[PDB]
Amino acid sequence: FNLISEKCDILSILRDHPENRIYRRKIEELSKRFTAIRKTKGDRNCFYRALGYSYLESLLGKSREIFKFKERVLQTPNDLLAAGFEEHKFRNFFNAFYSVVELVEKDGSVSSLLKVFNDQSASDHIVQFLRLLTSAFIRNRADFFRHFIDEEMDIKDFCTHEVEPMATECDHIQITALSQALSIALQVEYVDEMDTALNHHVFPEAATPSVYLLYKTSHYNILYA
């Protein structure tokens, strides 16, 4: 469990910030709203790895939701081709993601899903797929991302440098794009060391979330309501 941990009590993370007044205050407050947490490895891939695991875990046992998600995943090669990716170069990453979705369907256990996401090979193939799909979704909607995020940004250079490569950190744009690319509603809780309110953002703004993440010390951990 070196990439994604077993479930722990929320208050177990006090030990990560000993004798810290603001972090203790915010973690106590978080414990009033959430019951458990899983930690992720801080290797620069933790957003993709956390969102992929938590969303697929939320599908377990839900036969209609699995059928609809599989139908969307089967169309994602068309998003990659429209953005200029070549089939022979994405094949191994697409096949790894489709495999873990079939595991959710066929096996249906937390234990089997957690083993794939802790297998360095399978887990990194899944992360690389999710990074290629994020890049494709932004590229194919460049005018949207310029209109609503930043009129001045260079979209192709940003995807090349800050989305595709393994270990590159995320900002709001990658979070919004992968949410939209896979129709995943997620809520991010923010815990920093400023004397401010514990607060959160929902992607998309509308939505009822499937996934809750904690963003703290540049790391995304998984929360349970």
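The first residue of the shown sequence is 1; numbering continues from there.
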The stretch carrying the higher mean Cα B factor in the deposited entry, 74-82 or 147-155, is 147-155
Ranked by mean Cα B-factor in the entry, 23-31 and 43-51, top stretch is 23-31
In this crystal structure's PDB entry, the residue among 115, 139, 125, 89 with the greatest CA B factor is 89
Chain thirds by Cα B factor, record data; residue 10 belongs to the highest
Temperature factor at the Cα of residue 181, chain-ranked in thirds, falls in the lowest
Temperature factor at the Cα of residue 193, chain-ranked in thirds, falls in the highest
Chain thirds by Cα B factor, record data; residue 207 belongs to the highest
Residue 56: CA temperature factor from the record, placed by chain third, in the lowest
